[PDB]
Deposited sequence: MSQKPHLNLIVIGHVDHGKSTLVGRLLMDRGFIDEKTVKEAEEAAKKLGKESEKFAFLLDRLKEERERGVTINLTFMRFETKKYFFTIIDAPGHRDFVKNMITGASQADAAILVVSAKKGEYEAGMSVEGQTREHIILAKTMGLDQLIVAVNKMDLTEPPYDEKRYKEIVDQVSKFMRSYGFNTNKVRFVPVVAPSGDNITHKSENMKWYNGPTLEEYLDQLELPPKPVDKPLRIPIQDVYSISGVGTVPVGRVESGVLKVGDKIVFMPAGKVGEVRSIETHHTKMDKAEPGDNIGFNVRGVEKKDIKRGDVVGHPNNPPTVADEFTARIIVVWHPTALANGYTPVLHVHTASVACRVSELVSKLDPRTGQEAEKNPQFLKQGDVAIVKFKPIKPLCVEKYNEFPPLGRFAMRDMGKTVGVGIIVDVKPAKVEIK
């Protein structure tokens, strides 16, 4: 079973911890010593729900669960220390999300208001590429009257329209009416909402689609070295990061834009007919002057040439800087196999480190610890890609004085 990292978002008090606690209790792996004590507590109080309350407190004291198809690990949601930094560095990363929305009168409205976190987290989920969001419309037992279809539809309609207005796709968004404390429509079908005829939240989690595999994405091969072999020809070497290279393929070298044909491929001094992601290969290319090939360049197929950036926008964490950095700062960026000086061309905004939202627009400077959106202009043509399109070519380190000054993920490229 594939492992996925899941983030649960939503407004304060809407039911996130409870829902998380319910999933862990019903499909997770709580230690025997903890389960036991929880059962003991429920026994002494003569109330079954005391078990869940006991477990919730234990969990809070401190997170993987299993469904029909997947293994899920619950990770930090916005509001936590290093939330943004960990997503940028790749220390954490969300594969799927559940937005918890309270159906209780007033709560739903507060969450969806201008300053509310339901609206904030939906926009954040859009920035994170969480197109398969599952929206749990929770506290269905607290509508007036309890389990009200009309209130659930109103919420589903309003949230859906809001999402559409933010580009947030929608055909992959699923809504389910639930009650977190009891697991109703979460880990079992509710007997209280006969009007709902859709999948349970766990069933929606099992409907999640895994992202495209590198082998099915366009070819990208960052070049690590290039040699000239007498009587053989030009032989670049690099690791396939996405796509498939095959003997006979026409390929293009960027940034130069030169086209050549692959005559052979080898890995480990062994000829192969095809190379797939992960394969470190030497490949003989006919038609290209070695002077148009260098370490840092990137190969692709002519129909999908590697992107070359005139400018790019990134979300960065400044991990180390002794004073302050400003517009014009020009460190060396290391991205895939390239090492190129890139000038900071705009400090777009600093971000709140716990949430990802904008905090100061156009700051004069960034200091160590800051997270920000920044634009860079490579001093010479540089191949890069958006992180959410080709990860291996979209995360970089800013280096200076032998140290990593910062790490960033690329979120936009102005092609050359």
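S.K.: Give me the ranges of the deposited sequence that have no CA atoms here, in sequence order.
M.R.: Gaps in the modelled chain, taken against the deposited sequence, lie at 1-3, 66-76, 431-435.
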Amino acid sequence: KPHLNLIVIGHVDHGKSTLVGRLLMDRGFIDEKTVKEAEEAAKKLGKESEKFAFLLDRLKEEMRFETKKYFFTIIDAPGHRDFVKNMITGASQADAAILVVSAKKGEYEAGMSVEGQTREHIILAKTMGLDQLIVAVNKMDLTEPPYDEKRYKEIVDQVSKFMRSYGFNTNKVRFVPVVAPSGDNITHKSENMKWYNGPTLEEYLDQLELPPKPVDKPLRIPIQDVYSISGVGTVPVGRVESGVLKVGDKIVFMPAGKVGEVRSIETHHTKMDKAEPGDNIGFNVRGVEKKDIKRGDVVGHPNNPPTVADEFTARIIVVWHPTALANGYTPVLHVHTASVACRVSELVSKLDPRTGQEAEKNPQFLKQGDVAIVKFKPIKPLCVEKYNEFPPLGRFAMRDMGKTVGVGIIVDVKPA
From here on, numbers count along this sequence of modelled residues.
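S.K.: Which wins on mean Cα temperature factor, 134-142 or 239-247?
M.R.: Mean CA B-factor is higher for 239-247.
S.K.: Averaging the C-alpha B factors as listed in the entry, name the stretch that ends up higher: 95-103 or 78-86.
M.R.: Result of the comparison: 78-86.
S.K.: Between 59, 348, 384, 371, let me know which has the highest C-alpha B-factor in the entry?
M.R.: Of the options given, 59 has the highest CA B-factor in the PDB entry.
S.K.: Among 234, 118, 185, 307, which residue carries the highest C-alpha B-factor recorded in the PDB entry?
M.R.: Most elevated C-alpha B-factor of the set, per the entry: 234.
S.K.: Comparing against every modelled residue in the chain, figure out the third that the C-alpha B-factor of residue 157 lands in (lowest, middle or highest).
M.R.: Answer is middle: the recorded C-alpha B-factor places it there.
S.K.: Taking the values exactly as deposited, rank residue 276 by C-alpha B-factor within its chain and report the matching third: lowest, middle or highest.
M.R.: Answer is middle: the recorded C-alpha B-factor places it there.
S.K.: Using the B-factors in the PDB entry, rank residue 195's C-alpha atom against the chain and give the third, lowest, middle or highest.
M.R.: Residue 195: CA B-factor falls in the middle third of its chain.
S.K.: For residue 170, does the deposited CA B-factor place it in the lowest, middle or highest third of the chain?
M.R.: Highest third - that is where residue 170 ends up once the chain's C-alpha B-factors are sorted.
S.K.: Sorting by Cα B-factor within the chain, modelled residues only, which third would residue 367 end up in: lowest, middle or highest?
M.R.: Lowest third, going by the recorded CA B-factors of the chain.
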